[PDB]
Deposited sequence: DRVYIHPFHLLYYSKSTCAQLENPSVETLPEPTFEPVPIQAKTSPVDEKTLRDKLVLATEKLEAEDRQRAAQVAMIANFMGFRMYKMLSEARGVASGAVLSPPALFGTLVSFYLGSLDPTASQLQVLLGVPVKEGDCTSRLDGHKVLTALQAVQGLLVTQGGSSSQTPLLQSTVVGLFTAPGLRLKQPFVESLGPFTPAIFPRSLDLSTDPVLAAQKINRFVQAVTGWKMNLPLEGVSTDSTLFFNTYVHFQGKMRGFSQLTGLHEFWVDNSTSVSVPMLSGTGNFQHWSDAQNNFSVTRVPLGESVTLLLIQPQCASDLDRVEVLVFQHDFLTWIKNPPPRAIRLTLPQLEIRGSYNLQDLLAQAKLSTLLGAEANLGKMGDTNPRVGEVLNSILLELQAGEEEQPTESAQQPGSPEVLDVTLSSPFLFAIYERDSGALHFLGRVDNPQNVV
């Protein structure tokens, strides 16, 4: 009779009303020669979605947007507490897709936990009250698509199994809409953890192309499945240019480090929060996407501001005043960040959600002990091609926000850009 505000994330009456044993396969060795994946061709498969989207589908985009964002903030709060000096960066859509991916490979106990965790209710014992994971991932593909229609967004999934663990094809096929660049590979995750922990990094360097050095504090030696999501965003922001020479960046009252600064001029929106005192600069990247850049009143107030502005479901601090003449100067960002999602779940006191007693039967021949669940982000902001000027010379906050879907694609903190 009635319907939830996230109603389009559920199984529909036709698909739920609508069998062979599941085929399976052992992933090839990590050594196997793998050609690089063309980042340009990926954009097409994003673009192909957005250009054929309907009015029925757009509602989901926003519905998944709200959830993914809320989850983003929960986990950025866990990242904040967990950890320092480089700051942080987090992609809520990627973080969301990772969770839904685990849902799509999870059976009854873990499934509903993950569903309700994401925010879609489970009135237990129904199928039309179960999450249509595949609908969601396509809907997430929408938000992802809208970000890049110049902006680049490649996301590739590493699915590193143990030697003997066969992955079920119907599960790996579920991840399609999340990304076509899924690489199931097999290796010894027992004898030597670091020699293998390198092997993944040397494999990513090959297939993805991106130098993403990501130190591991402690790797568990008894793990069968690794689920690593690697994302790469690259923003050549229009109206901005590289500046000659390297300029200093005040990292701390004592010391600083001279780095490249990109600068532009335009009619940007700019305000200063009456309540909490932080400057905000709303520089639009494309005709939709928006880079929000917050600076605190002073360097030491940043901790508070971050806890206040980002780490909250609300974006009530985002306003819209009359634009003005501004010469913005910020560092040429090459932000890199990496966090094991298991550690964040643990800091949120959900360590058993994907623990050793997690039921992920749908993933393979045997129940996989999912060791680490990486999220890795290379976010680059490069050059595109009276007048009071906003110069980001000290630590600042930033978020990259999509208007049409309403989703928040990246948020983070720049304490030091090398």
Task: Deposited residues absent from the coordinates (by C-alpha) - done: 1 to 2, 21 to 27, 93, 160 to 167, 404 to 417, 451 to 453
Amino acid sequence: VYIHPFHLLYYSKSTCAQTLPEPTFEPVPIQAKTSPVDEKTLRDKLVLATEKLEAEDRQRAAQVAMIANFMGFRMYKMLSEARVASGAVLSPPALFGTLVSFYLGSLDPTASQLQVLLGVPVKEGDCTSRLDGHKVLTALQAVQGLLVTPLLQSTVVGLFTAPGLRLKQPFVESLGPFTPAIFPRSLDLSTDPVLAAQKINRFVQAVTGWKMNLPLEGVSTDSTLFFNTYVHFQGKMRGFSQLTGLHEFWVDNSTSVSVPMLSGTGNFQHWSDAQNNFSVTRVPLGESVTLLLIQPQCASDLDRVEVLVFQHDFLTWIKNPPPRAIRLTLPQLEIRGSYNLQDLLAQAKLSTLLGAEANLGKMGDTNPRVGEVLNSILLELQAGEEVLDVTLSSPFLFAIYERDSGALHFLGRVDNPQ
From here on, numbers count along this sequence of modelled residues.
- [ ] Name the higher of the two by mean Cα B-factor in the PDB entry, 64 to 72 versus 38 to 46.
- [x] 38 to 46
- [ ] Would you tell me which stretch averages the higher CA B-factor in the PDB entry, 50 to 58 or 389 to 397?
- [x] 50 to 58
- [ ] In terms of CA temperature factor as recorded, identify the highest of 205, 110, 279, 311.
- [x] 205
Open item on the list: Can you tell me which of 303, 132, 173, 192 has the maximum CA B-factor listed in the PDB entry?
Closed with: 192
TODO: Name the third of the chain's ranked CA B-factors that contains residue 351, choosing lowest, middle or highest.
DONE: middle
Task: residue 226 - Cα temperature factor, lowest/middle/highest third of chain - done: middle
- [ ] Using the B-factors in the PDB entry, rank residue 338's C-alpha atom against the chain and give the third, lowest, middle or highest.
- [x] lowest
- [ ] Can you work out whether the C-alpha temperature factor of residue 375 puts it in the lowest, middle or highest third of the chain?
- [x] lowest
Task: Ranked C-alpha temperature factor of residue 162 among modelled chain residues, by third - done: middle
